[PDB]
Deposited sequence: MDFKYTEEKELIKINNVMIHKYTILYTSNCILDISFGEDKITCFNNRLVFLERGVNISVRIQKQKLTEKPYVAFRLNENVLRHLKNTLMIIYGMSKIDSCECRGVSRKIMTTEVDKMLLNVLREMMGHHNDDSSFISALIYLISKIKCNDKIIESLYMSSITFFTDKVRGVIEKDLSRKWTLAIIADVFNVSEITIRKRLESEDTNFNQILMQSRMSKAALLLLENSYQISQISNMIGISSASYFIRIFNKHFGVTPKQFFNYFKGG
């Protein structure tokens, strides 16, 4: 295989926490850059766009461990911790943060991995994890910032109910009962456009499907409303700077 990879156009759709089990992680956020080694934790503010360069330690193994917080769970943390702590602008050091993982936490993380669909015990274990972190002040700010719902999210959340649907601005306009114009403007106010949001959401999904049981490219291509498997690989590659195959191989 190969131990280095570089991936672009990575929007963080949901607050993500990374533990660099097996890899050293260089994150290019805007004109800034940020580095995560080895046994360590990374907090990624919802809604950042990045490039990343990942160097593996062991090539038999998957470069890091990932926690995506769905919107329910993110809402629960935020409220919880804003009662427990509180609200004593934001760039770089406030969005992407790292911290050293002592053996205590390492095993807390192991427990958090076990907890697929047990959100009770997961939000619990996370509150505690965060209680063990220095400069958790900015994590909790970061969670506040990540809770804010934008119209973009409203759109995305609809789209994402079925990505394979053949979505058009015209359709979405209709979903909001608002003029086609309005949608494009509301998005522009939030510095995006529909077809972009659609690209993103598809390519995200595409990527998450690869990393699974796995399906074939046609399947996945179909699953995200793309016609040609050959064609999909093209857009995917242009988007992440890698083909679906390279990517699966690196991660699965």
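No C-alpha positions are given for the deposited-sequence stretches 1-7, 96-101, 266-267.
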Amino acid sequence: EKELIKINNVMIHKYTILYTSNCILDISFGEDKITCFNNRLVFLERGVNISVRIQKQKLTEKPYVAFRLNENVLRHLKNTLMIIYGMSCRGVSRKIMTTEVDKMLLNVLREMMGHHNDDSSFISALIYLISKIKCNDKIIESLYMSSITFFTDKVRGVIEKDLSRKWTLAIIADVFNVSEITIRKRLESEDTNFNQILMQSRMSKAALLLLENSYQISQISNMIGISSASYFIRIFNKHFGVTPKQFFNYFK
From here on, numbers count along this sequence of modelled residues.
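Taking only CA atoms, the mean B-factor in the PDB entry is higher for 214-222 than for the other of 214-222 and 59-67. Legend: mean Cα B-factor per stretch from the PDB entry, 137-145 versus 151-159; the higher mean is in 137-145. Residues shown: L74, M87, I96, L109. Highest C-alpha temperature factor in the entry: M87. Taking only the listed residues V92, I171, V101, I127, the entry reports the highest CA temperature factor at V92. In the PDB entry, a CA B factor belonging to the lowest third of its chain's modelled residues is recorded for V175. When all modelled residues of the chain are sorted by CA temperature factor, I83 is found within the highest third. Sort the modelled residues of the chain by CA B factor and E45 lands in the lowest third. When the modelled residues of the chain are ordered by their C-alpha B factor, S227 lands in the highest third. Sorting the modelled residues of the chain by their CA temperature factor places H239 in the middle third.
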